[PDB]
Every structure is written in structure tokens, then in C-alpha cells.
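Chemist: Mind folding the following:
(6 chains)
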Amino acid sequence: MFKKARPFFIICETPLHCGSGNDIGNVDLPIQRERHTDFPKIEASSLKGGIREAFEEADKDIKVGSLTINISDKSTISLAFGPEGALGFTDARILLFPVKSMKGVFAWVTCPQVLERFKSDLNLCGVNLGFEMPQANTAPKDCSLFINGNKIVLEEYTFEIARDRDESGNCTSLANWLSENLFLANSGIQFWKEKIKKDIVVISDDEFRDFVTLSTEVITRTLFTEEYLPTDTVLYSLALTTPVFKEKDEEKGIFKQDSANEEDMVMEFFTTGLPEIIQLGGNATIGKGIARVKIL
Amino acid sequence: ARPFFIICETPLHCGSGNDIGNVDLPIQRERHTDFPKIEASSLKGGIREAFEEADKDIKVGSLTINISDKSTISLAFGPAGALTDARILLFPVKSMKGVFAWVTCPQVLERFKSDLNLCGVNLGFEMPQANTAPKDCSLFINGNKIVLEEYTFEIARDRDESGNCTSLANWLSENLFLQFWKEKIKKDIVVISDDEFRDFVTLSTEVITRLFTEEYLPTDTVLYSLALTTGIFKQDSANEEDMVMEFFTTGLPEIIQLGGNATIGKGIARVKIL
Amino acid sequence: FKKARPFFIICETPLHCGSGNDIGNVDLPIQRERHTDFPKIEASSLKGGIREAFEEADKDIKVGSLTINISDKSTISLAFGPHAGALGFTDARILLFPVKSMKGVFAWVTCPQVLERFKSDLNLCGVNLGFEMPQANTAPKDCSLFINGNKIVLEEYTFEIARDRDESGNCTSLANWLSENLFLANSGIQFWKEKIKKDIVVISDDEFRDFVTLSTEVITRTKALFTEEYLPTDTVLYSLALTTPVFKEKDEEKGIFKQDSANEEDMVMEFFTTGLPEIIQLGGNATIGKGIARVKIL
Amino acid sequence: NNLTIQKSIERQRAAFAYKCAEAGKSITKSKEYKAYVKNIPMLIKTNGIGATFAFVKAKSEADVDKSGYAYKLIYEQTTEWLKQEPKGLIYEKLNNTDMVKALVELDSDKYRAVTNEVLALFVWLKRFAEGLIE
Amino acid sequence: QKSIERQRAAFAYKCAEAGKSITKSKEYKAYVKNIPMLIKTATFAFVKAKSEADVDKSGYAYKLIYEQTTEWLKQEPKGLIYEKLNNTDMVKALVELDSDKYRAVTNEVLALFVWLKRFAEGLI
Amino acid sequence: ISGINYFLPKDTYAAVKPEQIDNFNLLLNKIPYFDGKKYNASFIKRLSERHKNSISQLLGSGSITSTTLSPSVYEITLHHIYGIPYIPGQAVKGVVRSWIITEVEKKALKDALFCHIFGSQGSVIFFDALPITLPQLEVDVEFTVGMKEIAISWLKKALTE
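Modeler: Numbering: from 1, shown residues only, chains lettered A, B, ... in the order given. Here you go:
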């Protein structure tokens, strides 16, 4: 149905709380989880609302193909995201999760199921990674989390993790690709880029679920208690587009080009004007939910 | 005919109208057993929407054309074509060991064996009896017990690969997928008793509250259907159904959109022909 | 979130912000970041403290071309909230931490991760420092904590650090920038003015984590004989103050914020940045004189 | 017809929770018991079952009129449930040892099953305690 | 068994059960709770000094804790000091390490007593 | 080595000697002495000046009335960072309560004056004092800054007793 797709990551800068409504869960205000795996996610509705609000409040001028256009014009947006549509988004899933460590302070943990889902989702958009995913209990060659041999000590647990040699392994390539495609062209952010090259650990799908479920921030507000996603989480999602829903050429705005389809112009409008920071989730009045978005 | 098995990739929600119950936008259900299903008027509509949008060249019979031909689609399947209702075969449920486990009742397996026999397929092994699990299952804690959701079931593993459960798991792994999912499906397939199955499919469906509540089918669900057969491809004549079915099998794209809310990525599914 | 600015918090008396029982070593631990074990103040507590200190003050302020007393209840609801307010705040994170030193009385500490995060936060507010964050185990050019040539010892433990060579070094630039950002521009508490420009020490994150996990003052008490945990004196924090155009429909209800010259966000920012007291009281158990922190907007 | 196993367990959880709530309301410090029953799930979430119940054991007070009697009652009640609810996962140990001692000699899977069991019991225990005591 | 946090629990409980059946018992609880804070502001040397080997004296409590709080360090999961403790005494080893190892052991010892404090009040 | 110090484990023994420290908290507490069988004042003044100025600026001038009513380790309330001799903080409250309870429970809990003054919804606020005399004050063998009506009077009388 949809014609074009493009992956785009989401990186949290402060704790994020995409409310799940209500339930009989332990905490009073829980985050939204997949029913059959208990992995956190962000529903497409909240993400689309956030991106729409970020776009509408902006004020700039961009070149969509061959014509100048301000990004804040009501008519264009209404034609793009739909009437108060031609553009869409998919539910955001969790890719990397931070967990406390004895050495290095904090480490990122992912599991084979998440990586396989990521690879499958990257298939719809026509991007081929060029290497296989890593096996369970593996870490890059230059990992620094090791203490006294092969053992790693995350939280209160101790997993026996096998290093990788020869710099050609699957896990090292995964880490290098993430470092080289998860952050914009360098402008001064060197620390995170350097760290992500060495502090990734892949663990079994069972334990990764033991985390996440019992390793999320819990705060007491004034009484009722809330639950949040830790900072430095990494999520991914897709943007889907289709030709505009119209009948008359003069009613399509700038998206009806002389020699270009509507879908490509819509995609150029989206990717060439998306802001650099957006606000997601609830409780935004107290600085919770800011996030960074990169397309690649 | 040809059994083509649909598998979900994102939560799938087909509009069932309205209700005065708890959920304010339920999903279509079988009128007398509450099993979920997809209406043919939506499946065929979505497949046609995929065909009318695709663009490629295939070879059917003798000649060769592009599936975008308005005439070809207009005639082959619908403006009335030589070419049923969707059924649920597996369902995911949370487990303490293994993250998730697929569960299916003996009744659904009997319906499946009935449905396939029209196409000529002969599985050759008796369907597994209720309360059984494959030989290499990874859902067992303390040996004789599994814990789905927050409850405990008692199940007996098949001692040898000859049994029914292992054979069914192997056949499902081989036929269903053209690597991780194939490796898993051969190990995690439980068969609960029929009565307990209805509870899961009625009180274990995702309900995202955006104030009102919607309802979607969980991801990684497995459904199956039947496609039967009977100008540009006129040829000397339609040899039995070999023409229409050939066109259908050749033209079926790999990703299709079903149900509503498609503007927010819901309703994507994978189509494979048995 | 049209506009935002940063503002520092300096503690002068023990500051405590409890968080549940959280059964542990100390019977009343302070709030701690989950995935790094650093201390922090939840945004709700900071917001409540600043609102309280805003309510009970009294003084005239000027916003563009009008005058209003900051204690009025007609504007507080619009600014802070009873309609979500138009002036939020971000949680407070730890930037510098004082640990006992043998030479120099007391030496501050910090780690590269904290400084990198701080630099990232200032980028949202259109502020660029103009130099590079220093690397681990680096101290200013003219430090006075040294003993035995190049060694330094804070607490029982011992550390090896290397000094700079000239003014262009990263540590000297960082110290010089902090000096004219963390204290008053004019005369004030200058007894610490030159100690922050000479006694900052940068250590690898692994050591800083342990320092902050074990170098918290623990002043016992009776009531029923339990313990307590406090953030040492002279701790330095930071946070971001956010703003947005007011949430009103009719142009009459916008209050003093709506003029005929500039936008609403600028007026809200002027209100906040000219209507704050240079001293405040956060935390808890204030009746025993615990917790007095200065506040300085950048 | 017979009831599905998915409900024969809920119909037991609710009954046991109600009985525990009434037994708690009987004692002289019902307010303290009601307050205490609302904190354990959060403590389990934040720390873990073993540490939570060790702490609960710590505050136990012998006399029945002391403010801490509620913790002793909670210890005993949550000890009774684990004998029956898991269907024989940890029964063999509780017969001759204190519950906390048993709860530290288990593997990960049994630990997570016990955690889920206790949370499921408490979702009903606190639900009835909020009601029967004002 | 494979979790560090649950490993200290098994040793702590058996440790406290060794406190009972001793003539001077209520004393034992007093020093158990008094140990943590002391380490905050060498500390074992104090404990070593005040030891007396009799089984009916108010110093036996340090005759247990010292031997009890060294057996744990032999079974340490991270394994900070195993060989050096095989042919020496705790104070005779912790005075033979460097700055880095001191912090590692410092946290480890203060960690065990947390469970010892809880279990000490449970049964004592 | 061992014996006198029992600390500075090789890394920390060098580059430090028993008579080169500059902070009494460490010397008194950090390095004990085992027998085998059992300060510049400019800072002392600036600390008090800053404490007073801060309590002043935050507090109303009218509300508080200062009232001068006062001048290793083995088996010494030193400020954790500064390591000076005056960090009572709460002992002012404790001494006042002990003096009045001993001098003056149901009877103690019958007069409103014993519901806010020694409140227990606190209203009266007591601050930890500090040095005022730069004294060496070696051991041999504004002390009250209450603020928030008439309370330093009750406190002075209690202290004298």
C-alpha cells in the first residue's frame, strides 16, 4: 500500500513517559508495553502528535524540489499530515537499554529478538545492512566492561560473556555501524560516539526481559507513584508515505510537480525540514520527554 | 485451490463497527465462538489495492504483461473472478521462560486439516493431542509445568521425534517460512485444552487507550486462508484453473496493508502461499 | 518550548530530598539516578521550592513598559500554574562535588561524562562555550593541591594527575569560564572566588561514582535512633528553565504578558529572570536549619 | 461444566486476599496494616523480593499490640500463599526453613515465578484492604 | 547462586544463625549494627585489638566477626583478594594493597553487613 | 609502615607524613593510633561571615535575634568538609528540649506554648552555630540563632542550668 519508507531513530535526553492510560499494574501510572513480550514502546498516535506539534510551531523556509515554501503554512501541513493523510509513522520499539555496571558506570544491552526485528524492519525500506547479526553473549573487541577475566557484572548479576577477536565479527560490525549511522556528522559530540563503539553487550532474550520490567525509574509524586524510561534509551521507527488524496491538480499545493511524483516531494518535505528536537510523552511541564531524532 | 498463510508484522485492527460494551471499537469475531477473523470484503479489497498499485512484469501461460494492466485485474479477480474468510491458527501469549509461546487448541488443528485436504495436501501424521509440547521445548520450569501469563499449566513433553507434536512443529517450520523465527517455531508450540483457549483469545488482546479504547490483534499472529480457482491471458482456453491461479500466485506481493488506521502504520502483514 | 535558559544552584547547608524507603545502607537515602548512581533533585521538588520562594517574596519589577509586584496571584497562575503553566523546569543534575583534601582544605571533583552532558544541555539554549571539555585526570595550570611533585591525595586514597603548561589549556579555560558564571558579577562571596579557579580536579568516571556513593555526610539522629544522608556543603548543580506562550484564548486574559511590542515568551522570560530571589531554601527538615542554596541565572 | 484453570486460580486469590484483609482489620492497629500493605509492591519493583521480605522480617515485633505486629502478620500471610500458589515450585523448602532463607537459594526462573505470584496476590490483598478498612 | 546480591544473602543468614546459642548474644547485635558506620570514618584493627578468645566474655563477639568477615572475602565473586588471604591475616593483607584495590574491598565489606544488619535483627 | 599508622597502604604512605596535613577531620579520624593493646583564622572568620550573611539575606532581619551565649580518635563534632569545631545543627534543639522536659509527658502536651516553640507543623527554626573566636581549643581531659517570638530567652536560661 505505502510506497516509500525511511527509518529514523529516537534518542531520549530526559526521562520519557508515554502514558499507558490505566491498568492493574504494580505502579500507579505505568508506561505502555507490548502485550505478549512486556517490551516498552511508543504508540504511533503520540509520536505523530509530537512531530506534528514540532512542525507546526516551527518557522523557516526550505526548498522542496524547485519552489520555496515556509514550513509553518497551515495549508501545506494540512495537506501533509492530514486535515485538522499523506504521511504516517509506525510504532516505536526499544533497541538499546541502559543498565548499571561495576565498570564504566552504565552499559547498553540488546537481545537477539530485538536485533532480528530491527533487521526485518530495515528490509521494507530497501536498506541492506551487509552483515549478519551477532549471537547471544557477545561483545565488541574493545569492550571495557570486563572485570577479572571474561565475567561482566551488570546490576547485581554476573553473565559470562565471550569477547570477539579479529575485528571482523558480527558484533563489532554492528557496534561500528551504529556509531557511524546513529549520530549526525560530527560537530562536537565525540564522547557518545566513542563510547557506543565499545560498551554494547548482547545477552539472552530471557534476561533482557528481567531488566526493562524491573529496571525502570520509579518516582513518588505528591502519594501516587509513576514510572519512566531511563535516559539514553534508543528507539527506532518508520515513516510511510503515499500520494496525496485529492482530485484536482491545482488543489494539491506544491506536491504536484512537473516531473516528480507526489510521494517523493512529500518525503523531501519531511526529511529536509524536520526539526532537531521534539517533545514526546506526558508531564512535559516539568521537563520530561525531550528527545533527539535522526534520519538514516 | 491454494492455502496462503497470513502473518502479522504490526498490530492488525479491522473495524467491527461499534458496541455498548467495554471496548469502544472491537475487532470482528466469529459469531458463535469469539475467535477473531478478517472479513473477505476487506481481505479482497486490500489485495486489490496492492495489485492496482504494484508495477512489474510477470510471465503467465505464453505471453507476458505488467500487472498494472487495468483490464487484467478488472477481469481476472474482480471488475467476479475465477478466483473465503480468514481463520486463526496460532496465537501468542506471554511466558516466564522464552518471552512468548504460541498456543493452539485441537479444534483449530482439526479445522486446519479439514481445510487443507481440499488442496490435496496430506500431512501424514495424526494431529497432536491436547496438553502436549514438542520434544525440545524451552518453556518448561521444574520439568512438568509451564507458566503462561500468571497461571500454571501441566503438560507432558513428547519423548521422541516420532510423536505428533514434533512432526507438526517441523512441518510448520518448513512450510510456513521461506532464520530466528524458523528456529523458534520448531520448539515453542504448545497445544492447550480447547476451553482454556477461548479465554486467552478473549482477554489477551491489546487495547490501546488513546477517552476511549480500541483493540488490536497482537503481533506475530499466524492466520490462514484458502484461495481457489476455476483476454490478455485468454490463451487457447483456461486449462482447468491453471490460468487464474497462475496469475494470482505470480502477482501476489510480499507486503500488504489490511484494516483501518493505516495512516499510522497499523495493519501490515506478510503473505505466503503454501 | 520556544525559549529556555540555564541557571545554577549552589548549596550552602546540607540538602536532603528523600525518595521512599528504598531499603539500603542509610535509612533515608537521597534521590539517585538509576543507571549512573549520581544524585539528582526531581523536577517537582525544585518547582515547588521555587514557587514557594516566589509567593512569599515582595518587590516591584519591570517588564518592558509595565510594573507589577511579583507576589500577585493574578499572574502566578498564568506563569507557574493553578491550564498547564507557561514556565517549567528540568531536574537538577550533579556537576561538582566537594571531597576532603589533605592540602588546600577541600577539593572539588567532576568527571568527563558530566561535563559532556552539561555541554550538550547548553546547546539547546543557543550557548556555545568556545573551547573543549578537558580529558580525564586534568587540573588547572596553577593548582595548589599538589604534594610530592605531581601526586595528589583526596581522602585516604591517592591520585596521579598532570598539570597544564599555559593558559590555552582546557582546564584553565573551563575554570576561568566557571569563575564568571557561578558567582555574582559584583562583590559577594569572593572567599571561594579564586578557589574555584584553582582547585577543580577532574577524575575518571569510575572513581567519581564511588566518591559520590561513599562521600555523603551521615549525621545521626535520635527520636528511635536512625541515620540520615545529606549532600555535602558547597555542592554545585544545574538545570534548565523552560517557557512557552501562555495558554489563553482571548487577548484580554493574557495579563501583563501581552503587550504591543514583543512576543509572550520574551515577557515570561523577563519576568522569571528579574523576579527571583538570589537565595532560597530547598530540601526538607528545614526547621533544624538544613538546606540553604543560592540561585544565579546565567 | 468444570471451570478453566485460568479462573480456578483467580477465584482462590480473591478469597485468600479477602480473608487476609479481614484478619488484618481484626487487630488493634488496622490502620498500620492498611498503610503497610500498599508499599510492598513498590519495594518489590524497586529492590527485589528477597531484600523486601528480609526488611519486612527485620521490623517484626513480638507483641500483638505493638505498631510492628502488622509486619509479622504480613510475613506469615505471604508465607502461607507461597506453599500453595506455585503448585509445588518452592513447597519442598518452606516445610523446614524460614521463607526468606528459602527465597535466597533459588535459580532465576523460580525467582521470577515467585515474584509474579506475590505481585498477583498483593494486587488483590491491597484492593480489599483499601475497602474493608477506613 | 549466579546473582551477586543473592549470594551475600546465603552467607549472611548462616552467619547470624551462628550468633545464636552463644552465651553473650545481645552483645553480638550491638556490634553488628555498629560496624557499617565505623568503616565510613583500620576499622578491623580496632575489632582485632578488642578480641578475647574466651567463650564467656564480652570480647568473643569480635572473635567471631573477624574470622566471619574474612571467610566471606575468600569466597568473593569478583575475587579481589584470594591468594593474599590464604597465607596471612585480614589486617595483614588489607595493609598490603594499593589505592585501587582498597576501594574495591572497602565497598565489598560494607556491603555484606547490610544483610547482616537485617538478619541480625530478624532472629537475635 | 604498621603500628603507628596502619593506613596509607604503600600508595598513600609516600608523599604524606603525620605532620603535613591541613584538615583536622582526617588527622583526628582518618589516622588512628594503635598502642598494640587498646589553623589559619582568616577562614575561621570568613566562614562565619558567609554563614551569617546567607542566613541574613534569606531570613528577614526582624525575625531572627542572635544571642551570643557560648565561648586521633578513640572511643568530636567536626564539620564534614570544613572540619571546624561547631556543627551542632540539631543539638540546639536537643539541649533545649532536654532542659525543659527535665525541668518542666501529658503535662508537657497540654499548653499550646509547648506545641510550636518546641513544635512537633514546626514554626521556630534553629540554625547550627559556628566559631567566633578562632580558638585552638585543644581538648584536655552565635551559639543560638533561633528564628522563624520570645524563644532565645527560654534557651539562654536552659543553657545556664
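Chemist: For the rest of this, base every contact and every neighbour count on C-alpha atoms.
Modeler: Fine.
Chemist: List the residues that contact the closest residue to chain C within the stretch 151-296 of chain A.
Modeler: When Cα to the nearest Cα is the measure, the stretch 151-296 of chain A has its nearest residue to chain C at residue A:287, with 4.5 Å between them. Residue A:287 makes contacts with A:14, C:43, C:88-91, C:242, as judged by Cα atoms under 8 Å, 6 or more residues apart in numbering or on different chains.
Chemist: For chain A, what lies in contact range of chain D?
Modeler: Within chain A, the residues that sit near chain D (Cα under 8 Å from any Cα of the partner chain) are A:24, A:26-27, A:214-215, A:218.
Chemist: any chance of those residues in JSON lines, with neighbour count, secondary structure and distance to residue E:31 too?
Modeler: Supplementary listing: the residues of chain A next to chain D in JSON lines, determined by neighbours: other Cα atoms under 10 Å in any protein chain shown; DSSP: H, G, I helix; E, B strand; the rest coil; distance: Cα to Cα, whole Å:
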{"residue": "A:24", "neighbour count": "11", "secondary structure": "coil", "distance to residue E:31": "44"}
{"residue": "A:26", "neighbour count": "17", "secondary structure": "coil", "distance to residue E:31": "38"}
{"residue": "A:27", "neighbour count": "17", "secondary structure": "coil", "distance to residue E:31": "38"}
{"residue": "A:214", "neighbour count": "14", "secondary structure": "coil", "distance to residue E:31": "34"}
{"residue": "A:215", "neighbour count": "22", "secondary structure": "coil", "distance to residue E:31": "34"}
{"residue": "A:218", "neighbour count": "22", "secondary structure": "strand", "distance to residue E:31": "34"}
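Chemist: Mind picking the two most distant members of those?
Modeler: For these, with distances taken as Cα to Cα, the pair at the greatest spread is A:24 and A:215 (18.8 Å).
Chemist: in the host helix or strand of residue D:76, what counts as buried?
Modeler: Using DSSP states H and E, residue D:76 sits within helix D:69-84. Neighbour-count burial for helix D:69-84 flags D:69-75, D:77-79, D:81-83 (criterion: 16 or more other Cα atoms under 10 Å in any protein chain shown).
Chemist: Which of those residues sits closest to chain A?
Modeler: Nearest to chain A, judged by Cα to the nearest Cα, of the buried residues of helix D:69-84 is residue D:78 at 16.9 Å.
Chemist: Quick check: residues of chain D near chain B?
Modeler: Residues of chain D found near chain B (Cα under 8 Å from any Cα) are D:4-6, D:9, D:86-87, D:89, D:109-110, D:112-113, D:116-117, D:120.
Chemist: neighbour-wise, which of those residues leads?
Modeler: residue D:86 (21 neighbours; other Cα atoms under 10 Å in any protein chain shown).
Chemist: who's in contact with the residue in the stretch 101-250 of chain A positioned nearest to chain B?
Modeler: Of all residues in the stretch 101-250 of chain A, the one sitting closest to chain B is residue A:206 (6.2 Å; Cα to the nearest Cα). Each residue near residue A:206 by Cα under 8 Å, 6+ apart is listed here: B:97-99.
Chemist: Next, the residue of the stretch 151-296 of chain A at minimum distance from chain F: secondary structure please.
Modeler: Residue nearest to chain F within the stretch 151-296 of chain A: residue A:222 (18.0 Å; Cα to the nearest Cα). At residue A:222 the chain is in coil, as set by DSSP: H, G, I helix; E, B strand; the rest coil.
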